[PDB]
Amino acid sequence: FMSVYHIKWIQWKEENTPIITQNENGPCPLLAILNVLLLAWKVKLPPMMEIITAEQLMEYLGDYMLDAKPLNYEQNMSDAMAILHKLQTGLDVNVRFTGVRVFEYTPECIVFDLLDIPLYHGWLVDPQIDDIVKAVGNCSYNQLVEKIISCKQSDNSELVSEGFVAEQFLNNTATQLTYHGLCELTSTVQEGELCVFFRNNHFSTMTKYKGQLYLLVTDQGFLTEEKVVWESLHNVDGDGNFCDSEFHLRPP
């Protein structure tokens, strides 16, 4: 399977900087990870370049690992390279609902750790609602759907309660971003940090500028719109504000 991606050239901190736009693959982890490294100027593309294969994207990412090498790192780099192909053949990312950096460990955590790129989500139980805090506890998404099923079958009333309360949480927060998650993300990401944001099995490049969270606009529809670079993340539901590469509102 050969995939081709269109490169958008933007002015990022007053320097000519490429971003990879999504094709049929959509907002896959590979684009979100690459775009962090391109914006950080840790990977440079040829100034010509308009188009790039998934294969070349992979070569660039693996070359960046051998170049950023500073015996066991060899194993980890090799394991990361094998795992790196899962970044195109599905990533099973499993959040916990207790913190913006908390996920169930899967071997793909090897890639983010070796690349030293932070991974975040904002699917967070509101700590002010005690029955949800207790019902969800430390569950991963996958553990909670299992807990719901087990707990509804229980002869113990309390456990049947936690089951229904956990189901209510999943139904009511099905967008996979909560207001509390958005607040914890905003205060946790540092000014100018480049990072990956996980929501609804989609990966986005995220930054913070003057206290405000933005997602990099990767949608193919905006390839020639130089003034659409960032989208504000300021609410759980509805569209953010489209901004240029300097975070100013795109004129209507």
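The first residue of the sequence shown is number 1, and the count goes up from there.
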How big is the unmodelled gap, if any, between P70 and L71 relative to the deposited sequence? Choose none, 1 to 3, 4 to 9, or 10 or more. 4 to 9
When mean C-alpha B-factors in the record are compared for 160-168 and 84-92, the larger belongs to 84-92
Higher-scoring stretch by recorded Cα B factor average, 187-195 or 43-51: 43-51
Quick one: classify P107 as lowest, middle or highest third of the chain based on its Cα B-factor. highest
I10's Cα B-factor: lowest, middle or highest third of the chain? middle
Sort the modelled residues of this chain by their C-alpha B factor and say whether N241 lands in the lowest, middle or highest third. middle
Could you tell me which third, lowest, middle or highest, the C-alpha B-factor of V125 occupies within its chain? lowest
Please say which third, lowest, middle or highest, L31 falls into when its CA temperature factor is compared across its chain. middle
